[PDB]
Amino acid sequence: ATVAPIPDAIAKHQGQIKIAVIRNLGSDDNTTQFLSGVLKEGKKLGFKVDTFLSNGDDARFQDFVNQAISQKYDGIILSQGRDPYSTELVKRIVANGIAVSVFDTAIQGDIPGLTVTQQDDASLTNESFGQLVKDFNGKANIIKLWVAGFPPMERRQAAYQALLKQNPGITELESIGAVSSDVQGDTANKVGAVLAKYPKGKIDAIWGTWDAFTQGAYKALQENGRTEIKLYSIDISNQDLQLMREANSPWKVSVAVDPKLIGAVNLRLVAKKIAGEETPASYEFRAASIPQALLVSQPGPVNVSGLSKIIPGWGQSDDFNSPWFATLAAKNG
Ligand SMILES: C[Se]C[C@H]1O[C@H](O)[C@H](O)[C@@H]1O
């Protein structure tokens, strides 16, 4: 019936609240969706959101963060910050009075005022790689698509190694993957050469730990006539949904969180911090397992936004949705 008042620290601010988002990747589909979610949520709240991508170059990541600190942004969001530098970088953000939330970032210890956010990487693995195990009855020659050194990657690899220990008839032939400006093409080329080393019958499945990798493997399977190999992925994007619907498509499952929600929630967290509202030390997003047959059953293409119509509760959460967000949205549009 009545309107929740805008918190004073937002109401009294000189000009727009300004947020910097620095993500340690290039323009892959996951990234593209994450940035879209931060931007949309910030726009809802009347915030200026400035976004920066390092292309995976940790030096450029650091320079971007350091410049945002010097510019005195009201808040900062980091994504995919690595060791060794991310902890001291975040400590410097906090020391400068800048509100901060991080996603998939390496943080040692407890930094007061920080929220650290992540997906349930063990569950992403158990559901995706575990489907592979179930489908092959514990016996398969696989390729893994994976890159070292990122927090989600190291947690997925630990969960994966536990499943290999449980199922000794799963043989990892090779692991492939790098971050570059063309992950799809690079992966596709690399998978093409692995396909040449292990002809038809010698590979059963591929586990892709990031859908940028799986997209490239998919292209390689199609172009090389190797669609007898089945694909199991983490992440989702509009492209992946189309690929699961193509003729002869080997893309069996994606286990995923909507990256737009991840972006939005990190914004919500920074908004609460600027407002002076309690926020937790940690927060974990929950994923859904998306089977190919679901998508094949639809009457035409489905985008990620559309998944809510066929996956109850997809991409939605009330977590950190303060009642004054509605007020701000009205005060802006
Ligand atoms: C090279 Se890090 C790529 C991963 O970051 C996020 O956790 C997404 O799930 C994507 O798989």
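First listed ligand is number 1; within each ligand, the first listed atom is number 1. When a residue number appears, it is its place in the shown sequence, counting from 1. The basis for the numbers below is simple: all heavy atoms, side chains too, and nothing from hydrogens, waters or symmetry mates.
- The closest approach between any non-hydrogen atom of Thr209 and ligand 1 is below 4.0 Å.
- Annotation: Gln119 places an N or O atom under 3.5 Å from an N or O atom of ligand 1; distance criterion only.
- Side-chain contact between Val304 and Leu241 is present, with at least one heavy-atom pair separated by less than 4.5 Å.
- Note on ligand 1: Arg156 sits in its first shell, one or more heavy atoms being nearer than 4.0 Å.
- Counting protein heavy atoms only, atom 9 (O) of ligand 1 is closest to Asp235 OD1, 2.6 Å.
- Judged by the 6.0 Å and 45° rule, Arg23 forms a cation-pi pair with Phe34.
- Taking distance alone, with nitrogen or oxygen atoms compared against 3.5 Å, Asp104 approaches ligand 1 more closely than that limit.
- Relative orientation of the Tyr160 and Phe129 rings is perpendicular, given thresholds of 30° and 60° on the angle between their planes.
- Comment: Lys43 does not engage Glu41 in a salt bridge, judged by the lack of any side-chain N to carboxylate O separation of less than 4.0 angstrom.
- Checking each of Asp319, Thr117, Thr115 against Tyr283 for a side chain to side chain donor-acceptor pair (under 3.5 Å) leaves exactly one that passes, namely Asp319.
- Nearest non-hydrogen protein atom to atom 5 (O) of ligand 1 is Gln80 NE2, 3.2 Å.
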